[PDB]
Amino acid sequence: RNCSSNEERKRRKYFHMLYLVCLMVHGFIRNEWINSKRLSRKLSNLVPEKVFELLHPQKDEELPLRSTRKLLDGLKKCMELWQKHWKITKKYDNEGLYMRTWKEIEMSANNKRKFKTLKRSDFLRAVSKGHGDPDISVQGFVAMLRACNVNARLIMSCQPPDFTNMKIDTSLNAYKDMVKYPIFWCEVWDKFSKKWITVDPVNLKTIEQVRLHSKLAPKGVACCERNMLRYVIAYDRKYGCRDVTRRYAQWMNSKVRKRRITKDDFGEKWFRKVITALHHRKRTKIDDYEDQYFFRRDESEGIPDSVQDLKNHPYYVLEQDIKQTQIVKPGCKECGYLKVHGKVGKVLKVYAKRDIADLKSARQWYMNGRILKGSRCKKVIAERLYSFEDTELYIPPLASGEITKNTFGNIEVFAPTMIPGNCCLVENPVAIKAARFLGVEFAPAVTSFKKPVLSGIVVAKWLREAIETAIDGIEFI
């Protein structure tokens, strides 16, 4: 075995978040520097009138397609002349911005060495001279398109260290293998076909109109050691920041979701906080056209081709992975089959998760603040369990402020719903001490089990302020 402590697990998740935030901010700032007005004006003169006109074609009403084609020819001519402008293409020192191993990090922490600061001037100078690694090159390419007034995003595949890598060794079996796919690239907006065109002028030297498959998404076990596609962030002229992974992920909901922080709900909410932090403009109609592409993409993925990809899948579950406490919602059935690779003829029943109901016993429901009505049990395990639609909120009874409580003179509060309407919950170890010293008419809160737990008090709201003062003065009792 090769396994680390739950503490190291939790550190890896945090440091992953931290490193990701930094990466994505770097994207944000670099995209700023790309917009520099002094540089733009110099790079514009690189683009002949013929090509410029190709980059801004006239609306063609009878066949929009021909305008798209002219843009593609323009984009191809730009890629070519950029090949010529960029005179010196460096190698990444060490690993560049490709994904690193926990061991590699720990050791870079250790050795401090000497690091030449860059800043904004030095970047500009490099791009104008045409000296840099492929990241600089592509980034420059995007600057140039922008100086021609095309809607040109910078795309960045953020490669933070893997927080799903649990191993204590972390050791790999090549430079050529790392550089096979790019970290940075470009998108360009087609107003005629209402789609984003993908452009990689430096590494793959292609232009693709991604529909369901893209040449840029890395393939083969060896190449994915240093490039694990998780967060593809798009930055635009007007300082938008949009997560565009769905364009580039063939299996987004299966393969890729397991490797992103967004797989639990805390993760998603955190991630959205950062994107919004980085998205400094207001919603345009283009944003909507994109969301429509993503929606259709997100609904054409469908069932995966393997059992491992159906573990903890957002939408889907094999009949065999349905929990003892779940049942199939009346009058639903399998939604699909999975031929199991490497077993002859073996087929599995795939159900949609929306057709699966979670059942709980009466006590468990109460513990979610719900009561039952005359319903029927769905299954027994020996204690009857009921579906969510069998159930109903519990509204506990509401002058002086005596609260009708359980037999023990406490209140069972497993959910905000369960505070009476005219009362408030105050959680504090001594809240009972406070309340007892100044009298009143409170009631202890049982919020969970250890086996009860009185974590605080339930008192009428008019009396809350008093307790808060007494608590603040507890040292004086």
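One-based numbering along the sequence shown.
- Gap check for residue 87 to residue 88: zero deposited residues are absent from the model.
- In the deposited sequence, the stretch from residue 173 to residue 174 hides 1 to 3 residues that have no coordinates.
- Averaged over Cα atoms, the B-factor as recorded in the entry is higher for 214 to 222 than for the other of 214 to 222 and 289 to 297.
- Stretches 109 to 117 and 156 to 164 differ in mean C-alpha B factor, with the higher average recorded for 109 to 117.
- Residue-level inspection of the entry shows that, of 187, 122, 268, 392, 392 has the top Cα B-factor.
- Looking at 198, 254, 407, 203, the one whose CA carries the top B-factor in the deposited record is 407.
- Compared with the other modelled residues of the chain, the Cα B-factor recorded for residue 31 ranks in the lowest third.
- Among the modelled residues of its chain, residue 343 has a C-alpha B-factor that falls in the middle third, as given in the PDB entry.
- Residue-level temperature factors show residue 264 in the lowest third of its chain, judged at the C-alpha atom.
- In this PDB entry, the Cα temperature factor of residue 250 sits in the middle third of its chain's modelled residues.
- Residue 375: CA B factor lies in the highest third for its chain, per the PDB record.
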